[PDB]
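Structure, as structure tokens:
Protein chains: 2
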Amino acid sequence: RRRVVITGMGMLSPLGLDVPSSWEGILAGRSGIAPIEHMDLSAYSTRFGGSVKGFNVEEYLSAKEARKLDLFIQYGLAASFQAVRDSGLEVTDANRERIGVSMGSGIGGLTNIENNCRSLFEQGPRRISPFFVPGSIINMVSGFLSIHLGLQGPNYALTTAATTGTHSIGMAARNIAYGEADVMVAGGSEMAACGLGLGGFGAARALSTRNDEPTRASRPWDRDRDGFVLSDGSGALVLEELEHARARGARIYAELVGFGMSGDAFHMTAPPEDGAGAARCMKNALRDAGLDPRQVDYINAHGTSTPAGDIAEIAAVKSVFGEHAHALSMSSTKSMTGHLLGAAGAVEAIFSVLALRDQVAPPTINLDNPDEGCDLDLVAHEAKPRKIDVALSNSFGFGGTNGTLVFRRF
Amino acid sequence: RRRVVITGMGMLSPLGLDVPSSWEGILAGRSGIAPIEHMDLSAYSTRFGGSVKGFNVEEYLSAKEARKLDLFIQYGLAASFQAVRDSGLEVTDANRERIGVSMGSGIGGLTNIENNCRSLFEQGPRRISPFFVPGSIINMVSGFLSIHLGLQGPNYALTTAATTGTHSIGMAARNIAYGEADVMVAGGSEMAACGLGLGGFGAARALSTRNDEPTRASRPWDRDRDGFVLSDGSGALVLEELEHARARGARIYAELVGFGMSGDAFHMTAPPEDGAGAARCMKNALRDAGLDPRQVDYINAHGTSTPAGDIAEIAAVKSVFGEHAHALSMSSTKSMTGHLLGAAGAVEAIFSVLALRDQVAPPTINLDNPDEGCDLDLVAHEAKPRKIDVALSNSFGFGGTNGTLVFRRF
Ligand SMILES: CC(C)NC(=O)c1c[nH]cn1
Ligand SMILES: CC(C)NC(=O)c1c[nH]cn1
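Order-wise, the sequence lines are chains A and B.
Going by our numbering, the first sequence wraps up at 410, each residue one higher than the last.
Going by our numbering, the second sequence wraps up at 410, each residue one higher than the last.
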């Protein structure tokens, strides 16, 4: 099996329109959460979230192309173009069959579906856009990116709720490991802040309702946590076979050494209280990496600010790491970004890689009063400079679908 | 790399509520296409399609469980339960971590989204169902199946338009080949026959409008073809490591020996006229299988009854197979079933496996007048008994995403 390295990264997040502006936000403990402005929410119990601010799609696409694509596709293409540009890779006839794409989404084109539904109900089916299907389906980030850059390798899309970006990157790494591709662009994108999204998650009572202090709503492992904060954005990595990267003198950020998966097989939305499924997933990833739990320095947690999930993840970390659980640093960047759903795994993989580059554990902001049993190093309030050789990134999604990525300094 | 065999199959299709009723339909050249009855379509240009007739979800689930799930999830669970029952596999503490699920969909819960949109527009966000998100997202077939049967292995969902079921089965086979699972339940499901689906595909001019003769609308490679016929249903296979299957004395249908992928990188909806991407995909699959093109006996074609796609697939088959292109049999079962979108690859994998079991090439019905260059053995009109050692199944999806599965008699 061939070694896989990260040579390019791209992001849109509530903290910035690229990787270095987002990361500056993360290390400063800045919140990206604000009252929502692009719709009127005075009939909703949650009226805030993490928006991408100032996004200009015409930096990436013609206005003609963009008007045919849902926002989640625009955001995925933006992160993907940034990553490819960041990688310095040149696509030619000699390599285009060896370069593929795995960009996923958890919900896809909800906004577009909602707008076409309005036309359909008010004015009948003839008012539906001809670009409705190709501009709304989840695999059109992979499809459009492949067309725009001439990428002829494996071309597909995962949809595994909050685990989407983690699965997208892990399965892309497998394609390269197994020799199906030399390069993959992988990650995820989400834009679910329409009436159906806020209404949907709200009707499930899944969202924080702290409308008086939105920057304080996302508070992973805090005793006053009350549900996640809905956020938008995208993350993409360029994954490359190590000898291919060396040959062309690429800048290498990190090595992607392990990927694990499991299912809880317990409940559609609630994890088991002991986090047995998350424990299996992290062990599977470390076994895939050929690493002992004692070699892990940093975990970028799932940590969504829900009552049951946050404490299940602590339990799983204590089960897997034993005494070393008190030596590693674990934080949730969702404290600042909120929950980017299908993009959360992609942006958190990027933060895990940059934690390795900069030798700094990003903070869990808003962790004022850690709940019963939440006595690990959760990097409360402030970024902590420390030795990081190995970083883990966890994603635990609806349906009990789990994924873990393991990254190493190269 | 470990060998992968098929030990269980399940289906809902326009031709039957299980595999043997569907397959009897296929070998008799029966159409599953009829005028649509469950909605009023006198403002639509297409008023027919392939419905699942007489489906009773209470054969599989409680009425309480079912009311919370979109039809595409009900259909996926039905096919999955059939496959698992057909396999005779017993799930225990000793094996549950080694059994996973990859059931995908191309569009997912369009009907549910449409119904919740109506509530939202008429009566505001408080009218949205609390089960809207978990009952509509694509990965809830994998999630619910894992919960219902206690499956704790890899748990994920592909969404690659018409290639979904092919990718789902190929990537599940990779999980077993690489040792991540001993058993996977894989395939796809679709229910897109709501206003948004018929309206959507109609607005793109993608559908046949032959409302006067619906059973004759789906006519792959015929000079009078005018777009695909929209169909609903699901397909699931139980994939198993060969020594695991032998150990428990499973009945083995076939061996899954190859899987290939490519991207066209050409156009969002139209293939290149020479089918270069489909050619790469079929070569990748045969190279993955360790088979020469001359060993292929039967191809279950993508063959959707569109002007450009049907002839691109002939071109690709002539490029890959050369003189042997005139010795193999190729047919489109979509002539009878119509286009099941994200389930098409799953039901066509099943038909390819049963072509190996029964030594019979299913027919392309309605192939009255083959178009220019469509001079291969397309098994026009009637099933053809013949020697089949090796069968290929092709899927070519929106975004130029391609997949091919290669099956062998075991
Ligand atoms: C979404 C939920 C099932 N996931 C979690 O937050 C979690 C934590 N440990 C295990 N699952
Ligand atoms: C959907 C379309 C792009 N696919 C085809 O029908 C086809 C046939 N050969 C190559 N693609």
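For every residue, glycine included, the Cβ atom is placed at its ideal position computed from N, Cα and C.
Using a Cβ-Cβ cut-off of 8 Å, A/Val133 counts as an interface residue toward chain B, since at least one Cβ of chain B sits closer than that to its own.
Taking 8 Å as the cut-off, the beta carbon of A/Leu242 is found closer than this to the beta carbon of A/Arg2. Using a CB distance cut-off of 8 Å, A/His167 counts as an interface residue toward chain B. At a beta-carbon threshold of 8 Å, the residues of chain B lying near A/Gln152 are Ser262, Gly263, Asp264, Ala265, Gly277 and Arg280, ordered along the chain. Closer than 8 Å to the CB of A/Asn155 there is at least one CB belonging to chain B. Residues of chain A whose Cβ lies closer than 8 Å to the Cβ of B/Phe228 do not exist; the shortest such Cβ separation is about 12 Å.
Judged by the Cβ position, A/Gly25 fails to qualify as a neighbour of ligand 1 at the 7 Å threshold, every heavy atom of the ligand being at least this far. Assignment of B/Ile99 by DSSP, reduced to helix, strand and coil, places it in the strand class.
Taking B/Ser146 as the centre and dropping the five residues before and after it, the same chain places the C-beta of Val101 and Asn155 closer than 6 Å to its C-beta, in chain order. Put simply, the backbone Cα of A/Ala276 is about 17 Å away from that of A/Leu405. Contact between the segment 374-394 of chain A and the segment 182-198 of chain B is absent: fewer than 3 CB-CB pairs across the two stretches fall below 8 Å. Assignment of A/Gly108 by DSSP, reduced to helix, strand and coil, places it in the coil class. Contact of A/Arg118 with chain B is assigned, a C-beta pair being separated by under 8 Å.
Between the beta-carbon of A/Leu77 and that of A/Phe121 there is about 30 Å, and that puts the pair past the 8 Å contact cut.
Any Cβ of chain B closer than 8 Å to the Cβ of A/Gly124 would place that residue at the interface, and such an atom is present. According to DSSP, residue pairing for A/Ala327 in a beta bridge does not occur. Looking from the CA of A/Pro272, the closest CA among A/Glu313, A/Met261 and A/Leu237 belongs to A/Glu313.
Of the candidates A/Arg409, A/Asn139 and A/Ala346, the residue whose Cα lies closest to the Cα of A/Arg357 is A/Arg409. Around the CB of A/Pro35, fewer than 16 other CB atoms lie within 10 Å, so the residue is classed as exposed. Listed in chain order, the beta strand (DSSP E) elements of length 3 or more contained wholly in the segment 202-288 of chain B are 233-241 and 254-263. Straight-line measurement puts the Cα of B/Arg85 at about 9 Å from the Cα of B/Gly10.
Distances taken from the Cβ of B/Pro271 to the heavy atoms of ligand 2 include one shorter than 7 Å. When only Cα atoms are considered, B/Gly397 and A/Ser105 end up about 18 Å apart.
Using a CB distance cut-off of 8 Å, A/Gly200 counts as an interface residue toward chain B.
Beta-bridge annotation (DSSP): A/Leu12 is paired with A/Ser234.
Excluding five sequence positions before and after A/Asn175, the CB atoms of its chain that fall closer than 7 Å to its own CB belong to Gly100, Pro154, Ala181 and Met184, given in chain order. Beta-bridge partners assigned by DSSP to B/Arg47: none are found. At least 8 Å separates the beta-carbon of A/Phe259 from that of A/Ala278.
Take the alpha-carbon of A/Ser31 and the one of A/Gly303: they are about 16 Å apart.
A/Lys334 has its alpha-carbon roughly 31 Å from the corresponding atom of B/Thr164. When DSSP states are grouped into helix, strand and coil, B/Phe398 belongs to the coil group.
Chain-order list of chain B residues neighbouring A/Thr159: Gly104, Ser105, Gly108, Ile137, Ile138, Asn139, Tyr156, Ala157, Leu158 and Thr159, by C-beta distance under 9 Å. Linking B/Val4 to B/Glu255 through their CA atoms gives a straight-line distance of about 6 Å. Going by DSSP, A/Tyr298 is part of the beta strand (DSSP E) stretching over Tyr298 to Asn300. In the DSSP assignment, B/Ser189 falls within the beta strand (DSSP E) that extends over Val183 to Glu190.
In the three-state reduction of the DSSP assignment, A/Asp377 falls in the strand class, which pools E and B.
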